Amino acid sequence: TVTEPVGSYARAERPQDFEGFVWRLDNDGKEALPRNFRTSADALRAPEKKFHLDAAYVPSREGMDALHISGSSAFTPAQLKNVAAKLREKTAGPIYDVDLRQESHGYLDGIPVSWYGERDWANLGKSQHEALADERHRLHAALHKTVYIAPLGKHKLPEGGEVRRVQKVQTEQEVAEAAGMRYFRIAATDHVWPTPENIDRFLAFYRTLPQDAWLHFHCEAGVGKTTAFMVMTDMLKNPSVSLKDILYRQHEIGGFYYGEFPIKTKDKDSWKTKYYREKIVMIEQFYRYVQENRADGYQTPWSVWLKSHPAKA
């Protein structure tokens, strides 16, 4: 009798110890595009040293050209419009803004902000329904109110920033439409593997997309959750491609490497270690799901399949 199965370690943490306490600046808006902007049409570059990968290896590009996905960090309304434009030059299908942020976020006076709690876990433990409700109330309560927006610096604590009386409030859905992009929200928690619920929602969403749909995934930094869903999409759309090729190419176009590697972590980041290891196992577990469930068209949802086929540490 285990309390929390592999893939659900975060459930053991206490949400009450990571409540939001400040409006974090998601992007200074100085660049034309958000950080870590990348597409499946991009050329593959040398892997990062930290992952100890074979730089000489040439991963398969089978399906890359048809994959039609991209990723990036958070952004300003203007940076998103730039993304939409760049993507429109690559496709004629609907471009989706896939918001993988569980944390409450929005735009105050056009400034992209989020209600940050330690580890960005201000909405940890909440269902998507509750997280969105919190976000809706907080965004609305900020109108005509004085707010403190600041970027995080020393030890993930507010550093400088600005104070202003909000005159306009917008949700990402609104900003997404303004850029001519469809919107789909997946309330996934930062630093951890997406819950069975997050993936169940994404999978149902995937089966409904038209053939020419372009998915633009993004989170706060655009590395962790963004690469995971990019990887999942790659596996789903290109099931005949090996796990190695998938992980290598998703990494070499600007994403994170979700395979095994010497996980080195700072003393103040040691809490991340087990989550990184958990994600490596779950990545393999998802790959197994796709291989064993594509034949009948995914009749069995991920959550259900995962319960009868739990992963090992």
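Position 1 is the first residue in the sequence shown; the rest follow in order.
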property	result
Higher-scoring stretch by recorded Cα B factor average, 256-264 or 62-70	256-264
Mean C-alpha temperature factor, higher of 73-81 and 138-146	138-146
Residue with maximal Cα B-factor (values as given in the PDB entry) among 251, 38, 274, 52	52
C-alpha B-factor winner, where the candidates are 103, 200, 162, 109	162
Ranked against its chain, the third holding the CA B-factor of residue 117	middle
CA B-factor placement of residue 216, once the chain's modelled residues are sorted into thirds	lowest
Record-listed C-alpha B factor of residue 234: chain third	lowest
B-factor third for the C-alpha atom of residue 242 within its chain	middle
Chain thirds of CA B-factor: placement of residue 30	highest
